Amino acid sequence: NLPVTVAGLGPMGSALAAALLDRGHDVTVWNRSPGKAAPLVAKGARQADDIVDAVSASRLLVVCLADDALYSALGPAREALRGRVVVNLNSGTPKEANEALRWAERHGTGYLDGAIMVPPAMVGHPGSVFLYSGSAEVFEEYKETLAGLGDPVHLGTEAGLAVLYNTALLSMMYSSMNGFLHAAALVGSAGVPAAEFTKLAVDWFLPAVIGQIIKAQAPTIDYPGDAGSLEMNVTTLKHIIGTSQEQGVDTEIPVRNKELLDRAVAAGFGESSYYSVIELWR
């Protein structure tokens, strides 16, 4: 029971449909190219002839398209959307989430915007987390079904929040990964084995030092417990740059990180907190 329709059968859409099939939903799939449905049909999905069919098969509609492609893909369903719910899992920016909400509401359709926080292969498995924003009543109604994809975290009722959080978190992820790669290059230049360093960095340093220092620096969280003044950190960075030069490793990462600090000291004090770096960007 609990019928669900998935629109969009790229790598992620297919993972979504397959996970719902694995939990035993009646899953109807739809895709622009008809080739991509066959493996899901093999797994017990019904392929919809057309979008009206797809949409009418289920009260819940899970959308995972390539971007725009929402309006063009589901538009022809017209009045069949009325009284249904769209869970849009692809949005690029908050403005696009907001446009999709307007579109949905214009058709009498409930709307949730979601951000998938794991790769396709993790969808449906323990550890999977999806962020949602939109109507709380819609969320509470479909919570149990959404839980088959990933632990569902409701951020608030405004449409654009999930994509905002997602873009924010991903921005941190890229910077952290790049810093990690500089670190691994640095120890690798002396022939340190990467696996063991990586475990030290990730199982210990990341949560015990990086996480605690972020919470220490955050002015509204109260580890005793600080990154120290900007000046002290500029000196630390100079040693990291020195170390990179003597090891033959590119100094771009730590040079940039240092330059940023120099701008903050200039705007503020050698004594100002690390967190005040943020005021350069807002």
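Start at 1 with the first residue shown and count on from there.
- The gap between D222 and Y223 holds 1 to 3 unmodelled residues of the deposited sequence.
- Coordinates are absent for 1 to 3 residues of the deposited sequence placed between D67 and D68.
- Taking the mean C-alpha B-factor of each stretch as recorded, 153-161 and 70-78 are not equal, and the higher mean is that of 70-78.
- Taking the PDB entry as given, 122-130 carries the higher mean Cα B factor of the two stretches 122-130 and 171-179.
- Taking the PDB entry at face value, the top CA B factor among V62, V234, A38, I253 belongs to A38.
- Per the deposited record, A48 carries the highest C-alpha B-factor of all listed residues (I213, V249, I241, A48).
- When all modelled residues of the chain are sorted by CA temperature factor, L2 is found within the highest third.
- Placement of the Cα temperature factor of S58 within the chain: middle third of the modelled residues, per the deposited record.
- Per-chain ranking of the deposited C-alpha B factor places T109 in the middle third.
- The PDB entry assigns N257 a C-alpha temperature factor belonging to the lowest third of its chain's modelled residues.
- Split the chain's modelled residues into thirds by C-alpha temperature factor. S135 is in the middle one.
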